[PDB]
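Chemist: Below you'll find run_22.cif; it's mmCIF, C-alpha atoms.
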```cif
data_structure
loop_
_atom_site.label_atom_id
_atom_site.label_comp_id
_atom_site.auth_asym_id
_atom_site.auth_seq_id
_atom_site.Cartn_x
_atom_site.Cartn_y
_atom_site.Cartn_z
CA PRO A 195 19.39 62.51 11.14
CA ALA A 196 21.81 63.46 8.36
CA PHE A 197 19.21 65.92 7.04
CA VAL A 198 19.70 68.06 10.14
CA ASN A 199 23.45 68.40 9.64
CA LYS A 200 22.91 69.34 5.99
CA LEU A 201 20.17 71.84 6.85
CA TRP A 202 22.39 73.78 9.26
CA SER A 203 25.48 73.42 7.10
CA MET A 204 23.31 75.25 4.57
CA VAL A 205 21.37 77.76 6.70
CA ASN A 206 24.22 78.82 8.97
CA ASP A 207 26.71 79.27 6.14
CA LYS A 208 26.58 83.01 5.36
CA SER A 209 27.47 82.33 1.72
CA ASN A 210 23.86 81.23 1.23
CA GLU A 211 22.45 84.41 2.76
CA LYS A 212 20.71 85.68 -0.38
CA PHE A 213 18.84 82.39 -0.80
CA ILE A 214 18.05 81.24 2.74
CA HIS A 215 18.71 82.72 6.17
CA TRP A 216 17.37 83.24 9.67
CA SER A 217 14.76 85.99 9.58
CA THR A 218 15.68 89.39 10.94
CA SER A 219 12.56 89.41 13.12
CA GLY A 220 11.15 86.45 15.02
CA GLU A 221 12.54 82.91 15.12
CA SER A 222 12.24 81.52 11.62
CA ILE A 223 14.13 80.38 8.52
CA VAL A 224 13.31 82.43 5.42
CA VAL A 225 13.56 81.47 1.76
CA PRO A 226 13.10 84.78 -0.14
CA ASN A 227 12.56 82.97 -3.42
CA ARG A 228 11.74 79.27 -3.73
CA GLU A 229 12.87 78.95 -7.34
CA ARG A 230 16.25 80.64 -6.89
CA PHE A 231 16.82 78.66 -3.68
CA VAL A 232 16.14 75.38 -5.50
CA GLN A 233 18.49 76.42 -8.30
CA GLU A 234 21.36 77.77 -6.20
CA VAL A 235 21.34 76.08 -2.79
CA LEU A 236 19.12 73.00 -2.64
CA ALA A 237 20.87 71.50 -5.66
CA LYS A 238 24.18 71.93 -3.83
CA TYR A 239 23.31 70.45 -0.43
CA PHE A 240 20.57 68.06 -1.53
CA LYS A 241 21.46 66.40 -4.84
CA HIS A 242 18.60 65.20 -7.08
CA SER A 243 15.97 66.53 -4.68
CA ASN A 244 13.16 69.08 -5.01
CA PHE A 245 11.34 71.68 -2.92
CA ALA A 246 8.46 69.45 -1.81
CA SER A 247 10.95 66.78 -0.77
CA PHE A 248 12.91 69.35 1.23
CA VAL A 249 9.81 70.80 2.91
CA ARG A 250 8.66 67.27 3.75
CA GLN A 251 11.93 66.72 5.61
CA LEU A 252 11.60 70.06 7.43
CA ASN A 253 8.12 69.09 8.60
CA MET A 254 9.50 65.79 9.91
CA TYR A 255 11.82 67.85 12.10
CA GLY A 256 9.25 70.32 13.43
CA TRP A 257 9.57 73.16 10.89
CA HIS A 258 6.40 74.37 9.17
CA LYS A 259 5.47 77.14 6.74
CA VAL A 260 4.27 80.23 8.57
CA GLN A 261 0.67 81.38 8.21
CA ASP A 262 0.45 83.47 5.04
CA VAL A 263 -0.01 87.24 5.27
CA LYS A 264 -2.52 88.79 2.85
CA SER A 265 -1.13 92.16 1.73
CA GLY A 266 -2.92 95.30 0.63
CA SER A 267 -6.26 95.60 -1.14
CA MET A 268 -5.37 92.59 -3.31
CA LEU A 269 -4.93 90.26 -0.31
CA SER A 270 -1.76 89.15 -2.11
CA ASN A 271 1.01 86.77 -1.12
CA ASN A 272 4.29 86.07 -2.89
CA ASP A 273 3.92 82.31 -3.39
CA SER A 274 7.67 82.12 -3.96
CA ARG A 275 8.51 83.53 -0.52
CA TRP A 276 8.60 80.85 2.18
CA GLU A 277 9.10 81.33 5.90
CA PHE A 278 9.45 78.37 8.27
CA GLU A 279 8.90 78.25 12.03
CA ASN A 280 9.73 75.42 14.40
CA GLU A 281 6.95 73.96 16.56
CA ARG A 282 9.24 74.19 19.59
CA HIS A 283 9.66 77.96 19.27
CA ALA A 284 6.42 79.87 18.58
CA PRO B 195 -7.16 68.78 -16.03
CA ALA B 196 -9.06 67.72 -12.91
CA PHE B 197 -6.77 64.73 -12.31
CA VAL B 198 -3.84 67.08 -11.71
CA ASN B 199 -5.49 69.03 -8.90
CA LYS B 200 -6.62 65.76 -7.34
CA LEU B 201 -3.15 64.25 -7.56
CA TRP B 202 -1.45 67.16 -5.79
CA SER B 203 -4.33 67.78 -3.40
CA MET B 204 -3.60 64.18 -2.43
CA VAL B 205 0.21 63.98 -2.58
CA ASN B 206 0.88 67.35 -0.95
CA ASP B 207 -1.59 66.89 1.91
CA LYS B 208 0.52 65.74 4.86
CA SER B 209 -2.37 63.63 6.16
CA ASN B 210 -1.70 61.13 3.38
CA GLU B 211 2.00 60.72 4.31
CA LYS B 212 1.86 57.05 5.30
CA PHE B 213 0.22 56.07 2.00
CA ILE B 214 1.85 58.36 -0.57
CA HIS B 215 4.56 61.00 -0.34
CA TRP B 216 7.50 62.66 -2.02
CA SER B 217 10.58 60.49 -1.78
CA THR B 218 13.03 61.53 0.92
CA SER B 219 15.37 60.26 -1.78
CA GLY B 220 15.30 61.70 -5.29
CA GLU B 221 12.49 63.54 -7.08
CA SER B 222 9.79 60.89 -7.06
CA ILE B 223 6.36 60.11 -5.66
CA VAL B 224 6.36 57.02 -3.50
CA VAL B 225 3.48 54.68 -2.73
CA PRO B 226 4.87 52.47 0.09
CA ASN B 227 1.99 50.01 -0.23
CA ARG B 228 -0.31 49.79 -3.26
CA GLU B 229 -3.09 47.93 -1.44
CA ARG B 230 -3.19 50.30 1.56
CA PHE B 231 -3.04 53.29 -0.81
CA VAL B 232 -6.01 52.04 -2.81
CA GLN B 233 -8.27 51.37 0.18
CA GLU B 234 -7.29 54.37 2.35
CA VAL B 235 -6.47 57.20 -0.06
CA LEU B 236 -7.56 56.39 -3.60
CA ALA B 237 -10.99 55.38 -2.33
CA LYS B 238 -11.33 58.95 -1.02
CA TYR B 239 -9.89 61.17 -3.77
CA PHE B 240 -10.85 58.96 -6.71
CA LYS B 241 -14.22 57.38 -5.91
CA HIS B 242 -15.17 54.37 -8.04
CA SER B 243 -11.67 53.94 -9.46
CA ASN B 244 -8.74 51.54 -9.09
CA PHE B 245 -4.95 51.39 -9.16
CA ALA B 246 -4.53 50.65 -12.87
CA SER B 247 -6.86 53.53 -13.76
CA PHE B 248 -4.88 55.87 -11.51
CA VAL B 249 -1.49 54.80 -12.87
CA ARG B 250 -2.80 55.16 -16.43
CA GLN B 251 -3.75 58.75 -15.58
CA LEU B 252 -0.32 59.35 -14.06
CA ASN B 253 1.39 58.00 -17.17
CA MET B 254 -0.62 60.35 -19.40
CA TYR B 255 0.69 63.26 -17.35
CA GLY B 256 4.35 62.30 -17.51
CA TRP B 257 4.78 60.11 -14.42
CA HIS B 258 5.97 56.52 -14.80
CA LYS B 259 7.17 53.71 -12.55
CA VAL B 260 10.87 53.68 -11.74
CA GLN B 261 12.85 50.64 -12.87
CA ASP B 262 12.64 47.80 -10.37
CA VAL B 263 15.63 47.02 -8.20
CA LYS B 264 16.23 43.35 -7.41
CA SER B 265 17.47 42.99 -3.84
CA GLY B 266 19.68 40.38 -2.24
CA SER B 267 20.34 36.76 -3.19
CA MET B 268 16.67 36.37 -4.08
CA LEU B 269 16.67 39.27 -6.58
CA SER B 270 13.44 40.32 -4.86
CA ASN B 271 11.11 43.24 -5.44
CA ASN B 272 8.20 44.38 -3.29
CA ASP B 273 5.43 44.37 -5.90
CA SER B 274 3.33 46.57 -3.58
CA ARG B 275 5.96 49.30 -3.39
CA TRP B 276 5.51 51.79 -6.22
CA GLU B 277 7.73 54.77 -7.02
CA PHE B 278 6.97 57.24 -9.83
CA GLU B 279 9.27 59.76 -11.55
CA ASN B 280 8.40 62.57 -13.98
CA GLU B 281 9.27 62.61 -17.68
#
```
Please, can you express the file's structure as structure tokens?

Modeler:
Amino acid sequence: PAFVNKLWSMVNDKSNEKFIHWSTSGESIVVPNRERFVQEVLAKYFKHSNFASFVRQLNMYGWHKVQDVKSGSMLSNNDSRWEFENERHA
Amino acid sequence: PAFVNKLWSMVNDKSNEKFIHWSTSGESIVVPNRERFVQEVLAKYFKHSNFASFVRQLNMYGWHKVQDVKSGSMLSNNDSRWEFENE
């Protein structure tokens, strides 16, 4: 499961904090901005790969996008912000 | 315009994983088996259509088949395996 080793080598390396990190609250991995993450981190740990390909791998290992939160009167959601939770830790 | 929504509504729906998905490899859409794809997925998202029609649509939107790779002493290629990459 090489993916796993790469995932953690990426998430648990503080140098990638601004682009991907464990959430302050709850038990989840947060990607503040999909585009910047793809540009600065994904390209480094997962050569010639894209977001959908990455997320597909995460799913394979139990991680799934968290239910979206509709904010304010606009029922808005930052489509670029992604939060992932593992099925084994709800 | 409508083909696009259909394509992604199909590719990015995890329920279609076994028939069509993003390559674990590098930036491409993979159709493990053409025949199974046609009868189990295409038949649902693109009623009254066929593989050639679908691929033609893909081509028009920038996606094309990746160069074949001949494997082993037989220089073989699984004609049913289709992988597409964007322009």

Chemist: Determine the nearest neighbour of residue 221 (chain B) from the options A:261, A:271, A:253, A:247, counting only C-alpha atoms.

Modeler: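 Of the candidates, the smallest distance to residue 221 (chain B) is held by A:247.
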
Chemist: Distance cut-off 10 Å, counting all atoms listed in the file - which residues of chain A neighbour chain B? Return them as a list in words.

Modeler: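 Listed by rising number, the hits are residues 197, 240, 241, 242, 243, 244, 245, 246, 247, 248, 249, 250, 251 and 253 of chain A.
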
Chemist: So that I can check the surroundings of residue 222 (chain A), please list as JSON, numbers by chain every protein, DNA and RNA residue that reaches within 9 Å of it, counting all atoms listed in the file and ignoring chain neighbours fewer than 6 positions away.

Modeler: {"A": [215, 216, 257, 260, 277, 278, 279, 280, 283]}

Chemist: Contacts of residue 226 (chain A) at 12 Å or less, counting all atoms listed in the file, minus same-chain residues fewer than 5 places along, as an MDAnalysis selection string?

Modeler: chainID A and resid 210:217 231:232 272:278

Chemist: When the PyMOL selection byres ((chain B and resi 239-252) around 12) is applied to the structure above, which residues does it catch, written out as a ChimeraX atom specification?

Modeler: /B:195-205,207,210,223,225,227-238,253-259,274,276-281

Chemist: What is the CA of residue 209 (chain A)-CA of residue 282 (chain A) distance in Å, reported with one decimal?

Modeler: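 Value for the CA of residue 209 (chain A)-CA of residue 282 (chain A) distance: 26.8 Å.
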
Chemist: Where's the centre, and what are the edge lengths in Å to one decimal, of a box along x, y and z enclosing all listed atoms of region 238-241 of chain A padded 4 Å per side, as AutoDock Vina command-line options?

Modeler:
```
--center_x 22.4 --center_y 69.2 --center_z -2.6 --size_x 11.6 --size_y 13.5 --size_z 12.4
```

Chemist: Using Å and a single decimal, report how far CA of residue 201 (chain A) sits from CA of residue 252 (chain A).

Modeler: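 About the pair CA of residue 252 (chain A) and CA of residue 201 (chain A): they are 8.8 Å apart.
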
Chemist: Which of these residues is nearest to residue 195 (chain A), using all atoms listed in the file: A:263, A:255, A:223, A:270?

Modeler: A:255

Chemist: Can you put N, CA, C and O atoms back into region 227-241 of chain A and show it as a compact mmCIF listing (two decimals), in the coordinates of the input?

Modeler:
```
# COMPACT_ATOMS: atom_id res chain seq x y z
N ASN A 227 13.08 83.44 -2.14
CA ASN A 227 12.56 82.97 -3.42
C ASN A 227 12.81 81.48 -3.61
O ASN A 227 13.94 81.03 -3.76
N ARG A 228 11.71 80.72 -3.58
CA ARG A 228 11.74 79.27 -3.73
C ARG A 228 12.52 78.80 -4.95
O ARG A 228 13.41 77.95 -4.83
N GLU A 229 12.20 79.35 -6.11
CA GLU A 229 12.87 78.95 -7.34
C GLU A 229 14.38 79.17 -7.31
O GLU A 229 15.14 78.26 -7.63
N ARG A 230 14.82 80.36 -6.93
CA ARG A 230 16.25 80.64 -6.89
C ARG A 230 16.96 79.76 -5.85
O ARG A 230 18.09 79.34 -6.06
N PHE A 231 16.28 79.50 -4.74
CA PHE A 231 16.82 78.66 -3.68
C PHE A 231 17.05 77.25 -4.24
O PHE A 231 18.13 76.67 -4.08
N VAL A 232 16.04 76.71 -4.91
CA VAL A 232 16.14 75.38 -5.50
C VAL A 232 17.29 75.31 -6.49
O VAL A 232 18.04 74.34 -6.52
N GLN A 233 17.44 76.36 -7.30
CA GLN A 233 18.49 76.42 -8.30
C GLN A 233 19.90 76.61 -7.75
O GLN A 233 20.84 75.97 -8.22
N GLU A 234 20.05 77.46 -6.75
CA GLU A 234 21.36 77.77 -6.20
C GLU A 234 21.83 77.09 -4.92
O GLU A 234 23.04 76.91 -4.73
N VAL A 235 20.92 76.70 -4.04
CA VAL A 235 21.34 76.08 -2.79
C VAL A 235 20.91 74.63 -2.59
O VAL A 235 21.72 73.78 -2.22
N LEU A 236 19.63 74.35 -2.82
CA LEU A 236 19.12 73.00 -2.64
C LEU A 236 19.92 72.01 -3.47
O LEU A 236 20.35 70.97 -2.97
N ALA A 237 20.13 72.35 -4.74
CA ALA A 237 20.87 71.50 -5.66
C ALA A 237 22.29 71.22 -5.19
O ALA A 237 22.89 70.23 -5.59
N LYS A 238 22.82 72.09 -4.33
CA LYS A 238 24.18 71.93 -3.83
C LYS A 238 24.27 71.06 -2.58
O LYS A 238 25.21 70.27 -2.45
N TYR A 239 23.31 71.21 -1.67
CA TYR A 239 23.31 70.45 -0.43
C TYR A 239 22.45 69.19 -0.49
O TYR A 239 22.68 68.25 0.25
N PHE A 240 21.47 69.19 -1.38
CA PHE A 240 20.57 68.06 -1.53
C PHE A 240 20.47 67.68 -3.01
O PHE A 240 19.58 68.14 -3.73
N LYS A 241 21.40 66.85 -3.46
CA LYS A 241 21.46 66.40 -4.84
C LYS A 241 20.17 65.70 -5.26
O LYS A 241 19.51 65.07 -4.44
```
